[PDB]
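Next up: a single chain in structure tokens, the form deposited in one PDB entry.
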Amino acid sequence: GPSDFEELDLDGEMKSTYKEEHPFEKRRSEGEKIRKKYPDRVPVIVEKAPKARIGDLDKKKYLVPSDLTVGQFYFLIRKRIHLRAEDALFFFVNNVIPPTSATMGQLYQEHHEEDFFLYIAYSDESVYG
């Protein structure tokens, strides 16, 4: 009975141009192969939320050391966006902001999709939209 509960759109699928443009069969094949070849790294797709007003990421596909913390990945992306120090940046995994002390391997292990990719959306806003 979640119909009588407000879920704040935290149950919806975050948009991904990557998923819309590449068929699941090919994505899953690639993610399974990359996980088998590089077990101590995890594949991550990083894309802008639709309403974000923030610098673009030239490259969206990352193969990340599993022990890299979310905070470290955060600062790396801030630098690659060329974001000013005083400007805000938020990550969302399935619409919720992850802890910066988690590792990317943990994030992947708990939240990767059935194509074996972890999807992260980023925005200047604290709510995904």
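All residue numbers refer to positions in the sequence shown, first residue = 1.
Q: For the higher mean C-alpha B factor in the entry, choose 100-108 or 53-61.
A: Looking at the recorded C-alpha B-factors, 53-61 comes out higher on average.
Q. Is the mean CA B factor in the deposited entry higher across 26-34 or across 87-95?
A. Per the PDB entry, the higher value belongs to 26-34.
**Q.** Relative C-alpha B-factor of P39, binned into the chain's lowest, middle or highest third
**A.** Highest third - that is where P39 ends up once the chain's C-alpha B-factors are sorted.
Q | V46 - which third its CA temperature factor falls in, relative to the rest of the chain | A | Bottom third by C-alpha B-factor.
Q | Chain-relative CA temperature factor third for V70 | A | For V70, the deposited C-alpha B-factor lands in the lowest third.
Q) Split the chain's modelled residues into thirds by Cα B-factor; is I81 in the lowest, middle or highest one? A) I81: CA B-factor falls in the highest third of its chain.
Note that the form deposited with a partner chain bound isn't included here; everything after this is about it.
(Q) in the deposited bound form, does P65 come within 4.5 Å of the partner chain, counting heavy atoms only? (A) Yes, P65 is a contact residue.
Q. Quick one: does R41 come within 4.5 Å of the partner chain in the deposited bound form, counting heavy atoms only?
A. It does: once the partner chain is placed as it appears in the deposited bound form, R41 has a heavy atom within 4.5 Å of it.
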